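Below: input.cif (mmCIF, C-alpha atoms and all ligand atoms)
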data_input
loop_
_atom_site.group_PDB
_atom_site.id
_atom_site.type_symbol
_atom_site.label_atom_id
_atom_site.label_comp_id
_atom_site.auth_asym_id
_atom_site.auth_seq_id
_atom_site.Cartn_x
_atom_site.Cartn_y
_atom_site.Cartn_z
ATOM 1 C CA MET A 1 27.101 -35.028 10.841
ATOM 2 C CA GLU A 2 23.974 -37.215 10.838
ATOM 3 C CA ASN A 3 25.606 -39.608 8.363
ATOM 4 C CA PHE A 4 28.268 -40.370 10.937
ATOM 5 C CA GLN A 5 28.157 -41.935 14.366
ATOM 6 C CA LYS A 6 30.950 -40.382 16.443
ATOM 7 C CA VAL A 7 32.571 -43.303 18.257
ATOM 8 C CA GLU A 8 34.703 -40.882 20.284
ATOM 9 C CA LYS A 9 36.901 -37.798 20.226
ATOM 10 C CA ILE A 10 40.455 -38.979 19.610
ATOM 11 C CA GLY A 11 42.212 -35.669 20.138
ATOM 12 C CA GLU A 12 42.737 -32.041 19.210
ATOM 13 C CA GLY A 13 44.577 -32.576 15.926
ATOM 14 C CA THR A 14 46.749 -30.065 14.082
ATOM 15 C CA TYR A 15 43.852 -28.310 12.321
ATOM 16 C CA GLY A 16 41.084 -28.982 14.833
ATOM 17 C CA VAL A 17 39.282 -31.760 16.681
ATOM 18 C CA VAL A 18 39.302 -35.328 15.352
ATOM 19 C CA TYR A 19 36.835 -38.119 16.049
ATOM 20 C CA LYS A 20 36.746 -41.803 15.326
ATOM 21 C CA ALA A 21 33.414 -42.266 13.602
ATOM 22 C CA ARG A 22 31.350 -44.929 11.888
ATOM 23 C CA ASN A 23 29.540 -44.203 8.637
ATOM 24 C CA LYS A 24 25.983 -45.153 9.648
ATOM 25 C CA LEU A 25 25.242 -46.440 6.148
ATOM 26 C CA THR A 26 28.434 -48.138 4.925
ATOM 27 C CA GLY A 27 29.407 -49.112 8.442
ATOM 28 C CA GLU A 28 32.986 -48.071 7.724
ATOM 29 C CA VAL A 29 35.070 -46.778 10.643
ATOM 30 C CA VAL A 30 36.924 -43.559 9.790
ATOM 31 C CA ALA A 31 38.762 -40.602 11.281
ATOM 32 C CA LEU A 32 36.815 -37.374 10.990
ATOM 33 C CA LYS A 33 38.632 -34.091 11.336
ATOM 34 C CA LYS A 34 36.609 -30.902 11.607
ATOM 35 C CA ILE A 35 38.723 -27.984 10.418
ATOM 36 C CA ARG A 36 38.582 -24.571 12.094
ATOM 37 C CA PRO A 37 38.438 -20.191 1.153
ATOM 38 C CA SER A 38 37.539 -21.766 -2.190
ATOM 39 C CA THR A 39 41.290 -21.958 -2.856
ATOM 40 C CA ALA A 40 41.713 -24.427 0.012
ATOM 41 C CA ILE A 41 38.689 -26.486 -1.022
ATOM 42 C CA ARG A 42 40.129 -27.117 -4.473
ATOM 43 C CA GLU A 43 43.641 -27.879 -3.224
ATOM 44 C CA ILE A 44 42.329 -30.236 -0.549
ATOM 45 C CA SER A 45 40.061 -31.931 -3.114
ATOM 46 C CA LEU A 46 43.060 -32.658 -5.329
ATOM 47 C CA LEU A 47 44.619 -34.669 -2.502
ATOM 48 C CA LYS A 48 41.779 -37.200 -2.720
ATOM 49 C CA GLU A 49 43.578 -38.403 -5.880
ATOM 50 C CA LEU A 50 46.857 -38.990 -4.037
ATOM 51 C CA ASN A 51 46.687 -42.777 -3.340
ATOM 52 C CA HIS A 52 49.655 -44.836 -2.178
ATOM 53 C CA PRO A 53 49.976 -47.636 0.383
ATOM 54 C CA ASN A 54 52.060 -45.415 2.658
ATOM 55 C CA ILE A 55 49.797 -42.393 2.595
ATOM 56 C CA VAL A 56 46.683 -42.254 4.787
ATOM 57 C CA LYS A 57 43.774 -42.125 2.349
ATOM 58 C CA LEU A 58 41.690 -38.962 2.297
ATOM 59 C CA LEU A 59 38.214 -40.422 1.632
ATOM 60 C CA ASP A 60 36.184 -37.232 1.541
ATOM 61 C CA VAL A 61 36.306 -33.487 1.838
ATOM 62 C CA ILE A 62 32.976 -32.197 3.081
ATOM 63 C CA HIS A 63 32.092 -28.546 2.857
ATOM 64 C CA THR A 64 28.563 -28.318 4.273
ATOM 65 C CA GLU A 65 26.765 -25.854 6.547
ATOM 66 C CA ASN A 66 29.832 -23.742 5.772
ATOM 67 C CA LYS A 67 32.121 -25.999 7.825
ATOM 68 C CA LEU A 68 35.031 -28.200 6.653
ATOM 69 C CA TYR A 69 35.384 -31.905 7.475
ATOM 70 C CA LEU A 70 38.100 -34.241 6.263
ATOM 71 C CA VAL A 71 37.328 -37.948 6.235
ATOM 72 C CA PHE A 72 40.340 -40.250 6.453
ATOM 73 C CA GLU A 73 40.908 -43.979 6.436
ATOM 74 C CA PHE A 74 41.321 -44.995 10.106
ATOM 75 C CA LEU A 75 44.497 -46.427 11.727
ATOM 76 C CA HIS A 76 44.596 -47.429 15.389
ATOM 77 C CA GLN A 77 47.884 -45.961 16.574
ATOM 78 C CA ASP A 78 50.486 -43.337 15.855
ATOM 79 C CA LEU A 79 54.280 -43.624 15.996
ATOM 80 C CA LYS A 80 54.518 -41.264 18.981
ATOM 81 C CA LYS A 81 52.477 -43.668 21.122
ATOM 82 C CA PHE A 82 54.292 -46.690 19.747
ATOM 83 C CA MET A 83 57.673 -45.130 20.571
ATOM 84 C CA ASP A 84 56.588 -44.353 24.133
ATOM 85 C CA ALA A 85 55.265 -47.901 24.452
ATOM 86 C CA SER A 86 58.589 -49.274 23.134
ATOM 87 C CA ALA A 87 60.761 -46.945 25.271
ATOM 88 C CA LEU A 88 61.991 -49.628 27.683
ATOM 89 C CA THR A 89 63.386 -51.954 25.053
ATOM 90 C CA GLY A 90 63.470 -49.769 21.957
ATOM 91 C CA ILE A 91 61.931 -50.494 18.559
ATOM 92 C CA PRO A 92 63.930 -53.362 17.026
ATOM 93 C CA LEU A 93 66.290 -52.217 14.236
ATOM 94 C CA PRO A 94 64.568 -54.306 11.551
ATOM 95 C CA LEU A 95 61.262 -52.541 12.297
ATOM 96 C CA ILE A 96 62.888 -49.102 12.448
ATOM 97 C CA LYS A 97 64.357 -49.849 8.997
ATOM 98 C CA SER A 98 61.060 -51.138 7.596
ATOM 99 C CA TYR A 99 59.256 -48.023 8.837
ATOM 100 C CA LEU A 100 61.913 -45.660 7.487
ATOM 101 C CA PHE A 101 61.878 -47.448 4.121
ATOM 102 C CA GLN A 102 58.058 -47.269 3.862
ATOM 103 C CA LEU A 103 57.997 -43.583 4.866
ATOM 104 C CA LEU A 104 60.596 -42.788 2.192
ATOM 105 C CA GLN A 105 58.448 -44.620 -0.382
ATOM 106 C CA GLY A 106 55.512 -42.443 0.714
ATOM 107 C CA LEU A 107 57.596 -39.274 0.482
ATOM 108 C CA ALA A 108 59.012 -40.271 -2.922
ATOM 109 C CA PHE A 109 55.470 -40.677 -4.182
ATOM 110 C CA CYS A 110 54.170 -37.373 -2.811
ATOM 111 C CA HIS A 111 57.236 -35.483 -3.934
ATOM 112 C CA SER A 112 56.987 -36.980 -7.456
ATOM 113 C CA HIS A 113 53.491 -35.460 -7.533
ATOM 114 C CA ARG A 114 54.761 -32.108 -6.261
ATOM 115 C CA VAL A 115 53.056 -32.462 -2.897
ATOM 116 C CA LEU A 116 54.969 -31.563 0.292
ATOM 117 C CA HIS A 117 54.042 -32.423 3.880
ATOM 118 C CA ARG A 118 55.889 -29.601 5.736
ATOM 119 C CA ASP A 119 54.952 -30.751 9.234
ATOM 120 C CA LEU A 120 56.044 -34.362 9.643
ATOM 121 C CA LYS A 121 56.196 -35.605 13.248
ATOM 122 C CA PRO A 122 55.643 -38.922 15.076
ATOM 123 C CA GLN A 123 52.025 -37.965 15.747
ATOM 124 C CA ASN A 124 51.162 -37.924 12.071
ATOM 125 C CA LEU A 125 52.827 -41.242 11.225
ATOM 126 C CA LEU A 126 50.169 -43.932 11.639
ATOM 127 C CA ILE A 127 50.698 -47.654 12.018
ATOM 128 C CA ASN A 128 48.637 -50.850 11.860
ATOM 129 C CA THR A 129 48.931 -54.483 12.949
ATOM 130 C CA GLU A 130 50.320 -55.599 9.608
ATOM 131 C CA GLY A 131 53.576 -53.705 9.848
ATOM 132 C CA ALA A 132 52.550 -50.788 7.642
ATOM 133 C CA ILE A 133 53.237 -47.149 8.489
ATOM 134 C CA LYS A 134 51.544 -44.256 6.708
ATOM 135 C CA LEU A 135 51.967 -40.504 6.406
ATOM 136 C CA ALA A 136 48.936 -38.449 7.518
ATOM 137 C CA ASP A 137 48.176 -34.800 6.668
ATOM 138 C CA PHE A 138 50.145 -34.605 3.440
ATOM 139 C CA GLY A 139 49.425 -31.412 1.508
ATOM 140 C CA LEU A 140 47.338 -29.736 4.219
ATOM 141 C CA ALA A 141 49.974 -27.192 5.235
ATOM 142 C CA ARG A 142 50.073 -25.735 1.721
ATOM 143 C CA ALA A 143 46.323 -25.991 1.121
ATOM 144 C CA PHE A 144 46.117 -24.068 4.407
ATOM 145 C CA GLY A 145 49.199 -22.800 6.222
ATOM 146 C CA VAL A 146 49.126 -19.353 7.827
ATOM 147 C CA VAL A 147 51.708 -25.573 21.548
ATOM 148 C CA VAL A 148 53.239 -26.217 18.092
ATOM 149 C CA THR A 149 56.128 -28.700 18.124
ATOM 150 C CA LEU A 150 59.255 -27.335 16.424
ATOM 151 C CA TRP A 151 61.396 -30.402 16.971
ATOM 152 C CA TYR A 152 61.220 -31.604 13.385
ATOM 153 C CA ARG A 153 61.454 -28.276 11.558
ATOM 154 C CA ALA A 154 64.202 -27.921 8.939
ATOM 155 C CA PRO A 155 66.750 -25.131 9.501
ATOM 156 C CA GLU A 156 65.787 -23.268 6.337
ATOM 157 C CA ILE A 157 62.249 -22.844 7.762
ATOM 158 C CA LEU A 158 63.672 -21.639 11.089
ATOM 159 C CA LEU A 159 65.923 -19.125 9.265
ATOM 160 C CA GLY A 160 62.885 -17.576 7.589
ATOM 161 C CA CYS A 161 62.999 -19.008 4.083
ATOM 162 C CA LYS A 162 59.650 -18.452 2.460
ATOM 163 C CA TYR A 163 59.888 -21.141 -0.206
ATOM 164 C CA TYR A 164 59.852 -24.687 1.175
ATOM 165 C CA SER A 165 61.143 -27.566 -0.887
ATOM 166 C CA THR A 166 60.803 -31.324 -0.647
ATOM 167 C CA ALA A 167 63.991 -31.241 1.422
ATOM 168 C CA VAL A 168 62.080 -30.075 4.506
ATOM 169 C CA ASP A 169 60.340 -33.468 4.684
ATOM 170 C CA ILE A 170 63.596 -35.374 4.439
ATOM 171 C CA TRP A 171 64.947 -33.302 7.337
ATOM 172 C CA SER A 172 61.896 -34.078 9.498
ATOM 173 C CA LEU A 173 62.128 -37.779 8.679
ATOM 174 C CA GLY A 174 65.824 -37.831 9.554
ATOM 175 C CA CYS A 175 64.900 -36.335 12.973
ATOM 176 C CA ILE A 176 62.295 -39.089 13.403
ATOM 177 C CA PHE A 177 64.744 -41.817 12.308
ATOM 178 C CA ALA A 178 67.185 -40.601 14.975
ATOM 179 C CA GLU A 179 64.459 -40.552 17.624
ATOM 180 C CA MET A 180 63.375 -44.139 16.884
ATOM 181 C CA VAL A 181 67.030 -45.176 17.262
ATOM 182 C CA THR A 182 68.031 -43.325 20.438
ATOM 183 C CA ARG A 183 64.567 -43.213 22.060
ATOM 184 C CA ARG A 184 65.057 -39.489 22.642
ATOM 185 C CA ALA A 185 64.035 -36.590 20.397
ATOM 186 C CA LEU A 186 67.074 -35.343 18.495
ATOM 187 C CA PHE A 187 66.428 -31.578 18.719
ATOM 188 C CA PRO A 188 63.784 -30.915 21.377
ATOM 189 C CA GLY A 189 63.664 -27.121 21.103
ATOM 190 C CA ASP A 190 61.138 -25.191 23.151
ATOM 191 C CA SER A 191 61.337 -21.958 21.146
ATOM 192 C CA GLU A 192 62.291 -21.157 17.565
ATOM 193 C CA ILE A 193 65.732 -19.938 18.632
ATOM 194 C CA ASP A 194 66.310 -22.795 21.079
ATOM 195 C CA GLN A 195 65.381 -25.168 18.218
ATOM 196 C CA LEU A 196 67.823 -23.513 15.898
ATOM 197 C CA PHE A 197 70.616 -23.405 18.468
ATOM 198 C CA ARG A 198 70.069 -27.063 19.452
ATOM 199 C CA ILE A 199 70.593 -27.911 15.767
ATOM 200 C CA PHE A 200 73.700 -25.691 15.624
ATOM 201 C CA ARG A 201 75.117 -27.191 18.801
ATOM 202 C CA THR A 202 74.991 -30.668 17.316
ATOM 203 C CA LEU A 203 75.657 -30.187 13.616
ATOM 204 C CA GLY A 204 77.814 -27.081 13.944
ATOM 205 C CA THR A 205 76.792 -23.499 13.218
ATOM 206 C CA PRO A 206 76.349 -23.415 9.450
ATOM 207 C CA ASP A 207 78.488 -21.148 7.287
ATOM 208 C CA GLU A 208 78.923 -20.306 3.625
ATOM 209 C CA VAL A 209 81.225 -23.295 3.152
ATOM 210 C CA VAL A 210 78.675 -25.980 4.015
ATOM 211 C CA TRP A 211 75.567 -23.935 3.190
ATOM 212 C CA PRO A 212 76.088 -21.411 0.351
ATOM 213 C CA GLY A 213 73.691 -18.528 0.883
ATOM 214 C CA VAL A 214 72.964 -19.223 4.544
ATOM 215 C CA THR A 215 74.236 -15.818 5.737
ATOM 216 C CA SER A 216 71.680 -14.077 3.491
ATOM 217 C CA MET A 217 68.693 -15.917 4.936
ATOM 218 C CA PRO A 218 65.892 -13.708 6.318
ATOM 219 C CA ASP A 219 66.428 -14.489 9.995
ATOM 220 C CA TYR A 220 70.160 -15.231 9.950
ATOM 221 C CA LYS A 221 72.152 -13.041 12.367
ATOM 222 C CA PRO A 222 75.954 -12.676 12.233
ATOM 223 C CA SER A 223 75.655 -12.707 15.988
ATOM 224 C CA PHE A 224 74.688 -16.398 16.102
ATOM 225 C CA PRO A 225 77.186 -18.257 18.284
ATOM 226 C CA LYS A 226 79.605 -20.419 16.333
ATOM 227 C CA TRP A 227 79.475 -24.013 17.567
ATOM 228 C CA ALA A 228 81.704 -26.811 16.280
ATOM 229 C CA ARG A 229 80.083 -29.870 14.737
ATOM 230 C CA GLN A 230 79.868 -33.075 16.821
ATOM 231 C CA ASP A 231 80.377 -36.606 15.463
ATOM 232 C CA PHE A 232 77.335 -38.713 14.505
ATOM 233 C CA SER A 233 78.888 -41.548 16.472
ATOM 234 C CA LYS A 234 78.048 -39.454 19.527
ATOM 235 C CA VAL A 235 74.624 -38.365 18.161
ATOM 236 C CA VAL A 236 72.779 -41.612 17.458
ATOM 237 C CA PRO A 237 74.716 -44.371 19.171
ATOM 238 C CA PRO A 238 74.671 -47.330 18.661
ATOM 239 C CA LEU A 239 73.434 -46.977 15.056
ATOM 240 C CA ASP A 240 75.823 -48.598 12.530
ATOM 241 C CA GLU A 241 77.752 -46.734 9.821
ATOM 242 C CA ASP A 242 75.161 -47.486 7.100
ATOM 243 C CA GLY A 243 72.540 -45.834 9.280
ATOM 244 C CA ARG A 244 74.749 -42.910 10.323
ATOM 245 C CA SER A 245 75.731 -42.324 6.702
ATOM 246 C CA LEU A 246 72.080 -42.151 5.591
ATOM 247 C CA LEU A 247 71.094 -39.945 8.536
ATOM 248 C CA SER A 248 73.990 -37.568 7.770
ATOM 249 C CA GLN A 249 72.688 -37.183 4.216
ATOM 250 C CA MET A 250 69.142 -36.530 5.442
ATOM 251 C CA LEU A 251 70.473 -33.838 7.811
ATOM 252 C CA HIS A 252 72.713 -31.854 5.461
ATOM 253 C CA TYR A 253 72.166 -28.124 6.075
ATOM 254 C CA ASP A 254 71.966 -27.116 2.425
ATOM 255 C CA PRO A 255 68.483 -28.246 1.218
ATOM 256 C CA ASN A 256 70.108 -28.812 -2.176
ATOM 257 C CA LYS A 257 72.668 -31.266 -0.840
ATOM 258 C CA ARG A 258 70.101 -33.050 1.299
ATOM 259 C CA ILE A 259 69.344 -36.523 -0.066
ATOM 260 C CA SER A 260 66.049 -37.076 -1.928
ATOM 261 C CA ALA A 261 63.559 -39.762 -0.852
ATOM 262 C CA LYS A 262 64.203 -41.608 -4.128
ATOM 263 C CA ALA A 263 67.944 -41.580 -3.628
ATOM 264 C CA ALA A 264 67.604 -42.531 0.044
ATOM 265 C CA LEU A 265 65.668 -45.689 -0.894
ATOM 266 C CA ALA A 266 68.755 -46.841 -2.771
ATOM 267 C CA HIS A 267 71.101 -46.260 0.212
ATOM 268 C CA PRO A 268 73.051 -49.386 1.383
ATOM 269 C CA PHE A 269 71.273 -49.103 4.733
ATOM 270 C CA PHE A 270 68.242 -50.764 3.086
ATOM 271 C CA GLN A 271 70.127 -53.679 1.525
ATOM 272 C CA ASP A 272 68.621 -56.076 4.066
ATOM 273 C CA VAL A 273 65.247 -54.387 4.634
ATOM 274 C CA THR A 274 62.290 -56.586 5.574
ATOM 275 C CA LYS A 275 58.759 -56.041 6.845
ATOM 276 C CA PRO A 276 58.402 -57.228 10.483
ATOM 277 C CA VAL A 277 55.129 -57.430 12.421
ATOM 278 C CA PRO A 278 55.101 -54.946 15.298
ATOM 279 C CA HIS A 279 53.866 -55.841 18.788
ATOM 280 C CA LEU A 280 50.756 -53.662 18.949
ATOM 281 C CA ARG A 281 48.519 -53.414 22.007
ATOM 282 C CA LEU A 282 45.235 -51.758 21.022
HETATM 283 N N1 LIG B 1 43.420 -41.371 10.265
HETATM 284 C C1 LIG B 1 43.463 -41.634 11.593
HETATM 285 O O1 LIG B 1 43.104 -42.840 12.043
HETATM 286 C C2 LIG B 1 43.954 -40.619 12.560
HETATM 287 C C3 LIG B 1 43.708 -39.249 12.239
HETATM 288 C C4 LIG B 1 44.154 -38.189 13.092
HETATM 289 N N2 LIG B 1 43.906 -36.863 12.750
HETATM 290 O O2 LIG B 1 44.318 -35.859 13.536
HETATM 291 O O3 LIG B 1 43.247 -36.553 11.625
HETATM 292 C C5 LIG B 1 44.855 -38.520 14.289
HETATM 293 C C6 LIG B 1 45.116 -39.872 14.635
HETATM 294 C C7 LIG B 1 44.675 -40.976 13.780
HETATM 295 N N3 LIG B 1 44.904 -42.262 14.062
HETATM 296 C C8 LIG B 1 45.662 -42.813 15.189
HETATM 297 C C9 LIG B 1 44.924 -42.853 16.494
HETATM 298 C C10 LIG B 1 43.687 -43.562 16.620
HETATM 299 C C11 LIG B 1 43.008 -43.600 17.869
HETATM 300 C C12 LIG B 1 43.561 -42.922 19.021
HETATM 301 C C13 LIG B 1 42.924 -42.917 20.347
HETATM 302 O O4 LIG B 1 41.847 -43.534 20.479
HETATM 303 O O5 LIG B 1 43.475 -42.300 21.298
HETATM 304 C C14 LIG B 1 44.801 -42.216 18.868
HETATM 305 C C15 LIG B 1 45.472 -42.184 17.621
#
Turn this file's structure into structure tokens for me.
Amino acid sequence: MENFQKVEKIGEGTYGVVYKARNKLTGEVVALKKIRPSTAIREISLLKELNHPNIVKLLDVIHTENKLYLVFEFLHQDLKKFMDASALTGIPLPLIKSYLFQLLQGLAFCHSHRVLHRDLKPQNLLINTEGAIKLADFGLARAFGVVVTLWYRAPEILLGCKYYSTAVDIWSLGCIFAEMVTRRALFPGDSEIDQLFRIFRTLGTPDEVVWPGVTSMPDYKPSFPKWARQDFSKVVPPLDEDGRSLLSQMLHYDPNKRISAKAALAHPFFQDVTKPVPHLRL
């Protein structure tokens, strides 16, 4: 890229290396991701039309010299770093609520346009000095697909379901909501089965009563141990009942019972939502 002036490599992103770069002409500072099919090109291109304040803007999709580059609006920090930086004192509840509320607005928008994320995690939630938080990498999993963190994966994906639904994003966001609250990942699995069993150990091994059709899932085994469900009061203390109620609805096993982003925005937990300024050290 002669048009760009690589300011520095900022990591080995999900689909390849990413650099902070400055457009030599416009002078704009952007994030440039070089990706490792005409089908993908078209899908990816469609995402350039997906604009919302809580979605990281995809500025350009460049297919040149038979290589793929994605140009994104730049944000200085991700939620994973912010959480680590806030680990001693914890992110204040008003800011956790503001962030959750904005992320749900972003999801509601994407989902209303039939676009799924599929791989939400703290690392792809970007924040700025003005108190905004934005979802990065929306739609890339589908446009592409085919050590990976499993911590935020919905149980239907772990059980081998081949058709994802918007519910997988709500599950991931519930896991992130819990992590901001407790300052510890909710389900830190280190293998697909450890991930699944960590979920079962906390929410109870699912059965046909709470999840109709679960025993017919591709990777379900009658041999799975049967764990009893624990109480949310023990899961995300000291979160209040409004928060626990919303989290419980975001973590329902049955994707069809899982709350939608639109419905979650109307949950009583957000009655007093505000938009605080975070303490950001850049
Ligand atoms: N749009 C983007 O600004 C961005 C993009 C990616 N990415 O993998 O495509 C990954 C992280 C991003 N920002 C947050 C960020 C910025 C700088 C640094 C750093 O300098 O270490 C780390 C994270």
### Task
Taking only C-alpha atoms and all ligand atoms into account, report as an MDAnalysis selection string which residues have an atom no farther than 9 Å from an atom of ligand LIG 1 (chain B).
chainID A and resid 8:20 30:34 56:58 70:79 81 123:127 136:137 282
Go ahead and write the residues just picked, C-alpha atoms, as a PDB file, in the frame of the given file.
ATOM      1  CA  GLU A   8      34.703 -40.882  20.284  1.00  0.00           C
ATOM      2  CA  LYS A   9      36.901 -37.798  20.226  1.00  0.00           C
ATOM      3  CA  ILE A  10      40.455 -38.979  19.610  1.00  0.00           C
ATOM      4  CA  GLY A  11      42.212 -35.669  20.138  1.00  0.00           C
ATOM      5  CA  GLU A  12      42.737 -32.041  19.210  1.00  0.00           C
ATOM      6  CA  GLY A  13      44.577 -32.576  15.926  1.00  0.00           C
ATOM      7  CA  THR A  14      46.749 -30.065  14.082  1.00  0.00           C
ATOM      8  CA  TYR A  15      43.852 -28.310  12.321  1.00  0.00           C
ATOM      9  CA  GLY A  16      41.084 -28.982  14.833  1.00  0.00           C
ATOM     10  CA  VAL A  17      39.282 -31.760  16.681  1.00  0.00           C
ATOM     11  CA  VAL A  18      39.302 -35.328  15.352  1.00  0.00           C
ATOM     12  CA  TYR A  19      36.835 -38.119  16.049  1.00  0.00           C
ATOM     13  CA  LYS A  20      36.746 -41.803  15.326  1.00  0.00           C
ATOM     14  CA  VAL A  30      36.924 -43.559   9.790  1.00  0.00           C
ATOM     15  CA  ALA A  31      38.762 -40.602  11.281  1.00  0.00           C
ATOM     16  CA  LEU A  32      36.815 -37.374  10.990  1.00  0.00           C
ATOM     17  CA  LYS A  33      38.632 -34.091  11.336  1.00  0.00           C
ATOM     18  CA  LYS A  34      36.609 -30.902  11.607  1.00  0.00           C
ATOM     19  CA  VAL A  56      46.683 -42.254   4.787  1.00  0.00           C
ATOM     20  CA  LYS A  57      43.774 -42.125   2.349  1.00  0.00           C
ATOM     21  CA  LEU A  58      41.690 -38.962   2.297  1.00  0.00           C
ATOM     22  CA  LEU A  70      38.100 -34.241   6.263  1.00  0.00           C
ATOM     23  CA  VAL A  71      37.328 -37.948   6.235  1.00  0.00           C
ATOM     24  CA  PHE A  72      40.340 -40.250   6.453  1.00  0.00           C
ATOM     25  CA  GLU A  73      40.908 -43.979   6.436  1.00  0.00           C
ATOM     26  CA  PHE A  74      41.321 -44.995  10.106  1.00  0.00           C
ATOM     27  CA  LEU A  75      44.497 -46.427  11.727  1.00  0.00           C
ATOM     28  CA  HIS A  76      44.596 -47.429  15.389  1.00  0.00           C
ATOM     29  CA  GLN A  77      47.884 -45.961  16.574  1.00  0.00           C
ATOM     30  CA  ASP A  78      50.486 -43.337  15.855  1.00  0.00           C
ATOM     31  CA  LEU A  79      54.280 -43.624  15.996  1.00  0.00           C
ATOM     32  CA  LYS A  81      52.477 -43.668  21.122  1.00  0.00           C
ATOM     33  CA  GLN A 123      52.025 -37.965  15.747  1.00  0.00           C
ATOM     34  CA  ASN A 124      51.162 -37.924  12.071  1.00  0.00           C
ATOM     35  CA  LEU A 125      52.827 -41.242  11.225  1.00  0.00           C
ATOM     36  CA  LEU A 126      50.169 -43.932  11.639  1.00  0.00           C
ATOM     37  CA  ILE A 127      50.698 -47.654  12.018  1.00  0.00           C
ATOM     38  CA  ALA A 136      48.936 -38.449   7.518  1.00  0.00           C
ATOM     39  CA  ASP A 137      48.176 -34.800   6.668  1.00  0.00           C
ATOM     40  CA  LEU A 282      45.235 -51.758  21.022  1.00  0.00           C
TER      41      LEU A 282
END
#### Entry: Residue IDs satisfying the PyMOL selection byres (((chain A and resi 129) around 7) and not hetatm), as a ChimeraX atom specification
/A:128,130-131,277-278,280
### Task
Would you be able to write out as a list in words which residues have an atom within 7 Å of (25.7, -29.0, 8.2) in the file's coordinates, counting all atoms listed in the file?
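Counting all atoms listed in the file, I find these residues within 7 Å of (25.7, -29.0, 8.2): residues 1, 64 and 65 of chain A.
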### Residue members of the PyMOL selection byres (((chain A and resi 151) around 10) and not hetatm) in the file shown, as a list in words
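When the PyMOL selection byres (((chain A and resi 151) around 10) and not hetatm) is applied, the selected residues are residues 120, 121, 148, 149, 150, 152, 153, 154, 172, 175, 176, 185, 186, 187, 188, 189, 190, 191, 192, 194, 195, 196, 198 and 199 of chain A.
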### Message
Residues proximal to (58.9, -27.9, 5.2) were defined as those with any atom within 7 Å of that point in the file's coordinates, counting only C-alpha atoms. Which are they, as a ChimeraX atom specification?
### Response
/A:117-119,153-154,157,164-165,168-169
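Our summary of the geometry notes that CA of residue 61 in chain A is positioned 26.0 Å from CA of residue 104 in chain A.
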Please reconstruct the missing atoms of range 241-250 of chain A (target: N, CA, C and O atoms) and return them as a short mmCIF file (atom, residue, chain, number, x, y, z; two decimals), in the frame of the given file.
data_model
loop_
_atom_site.label_atom_id
_atom_site.label_comp_id
_atom_site.auth_asym_id
_atom_site.auth_seq_id
_atom_site.Cartn_x
_atom_site.Cartn_y
_atom_site.Cartn_z
N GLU A 241 77.32 -47.70 10.82
CA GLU A 241 77.75 -46.73 9.82
C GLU A 241 76.82 -46.60 8.61
O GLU A 241 76.79 -45.53 7.99
N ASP A 242 76.10 -47.64 8.22
CA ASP A 242 75.16 -47.49 7.10
C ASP A 242 74.08 -46.49 7.53
O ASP A 242 73.68 -45.58 6.77
N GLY A 243 73.58 -46.70 8.75
CA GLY A 243 72.54 -45.83 9.28
C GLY A 243 73.02 -44.42 9.50
O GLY A 243 72.31 -43.47 9.16
N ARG A 244 74.21 -44.26 10.09
CA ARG A 244 74.75 -42.91 10.32
C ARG A 244 75.00 -42.20 9.00
O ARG A 244 74.77 -41.00 8.88
N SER A 245 75.49 -42.93 8.00
CA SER A 245 75.73 -42.32 6.70
C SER A 245 74.41 -41.79 6.13
O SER A 245 74.34 -40.63 5.68
N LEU A 246 73.36 -42.61 6.14
CA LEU A 246 72.08 -42.15 5.59
C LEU A 246 71.54 -40.96 6.39
O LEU A 246 71.12 -39.96 5.80
N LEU A 247 71.58 -41.06 7.72
CA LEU A 247 71.09 -39.94 8.54
C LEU A 247 71.86 -38.67 8.22
O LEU A 247 71.26 -37.59 8.09
N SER A 248 73.19 -38.77 8.07
CA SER A 248 73.99 -37.57 7.77
C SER A 248 73.54 -36.91 6.47
O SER A 248 73.57 -35.68 6.34
N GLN A 249 73.14 -37.72 5.49
CA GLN A 249 72.69 -37.18 4.22
C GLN A 249 71.29 -36.59 4.29
O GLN A 249 70.93 -35.74 3.48
N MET A 250 70.49 -37.06 5.25
CA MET A 250 69.14 -36.53 5.44
C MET A 250 69.20 -35.23 6.26
O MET A 250 68.25 -34.44 6.24
#
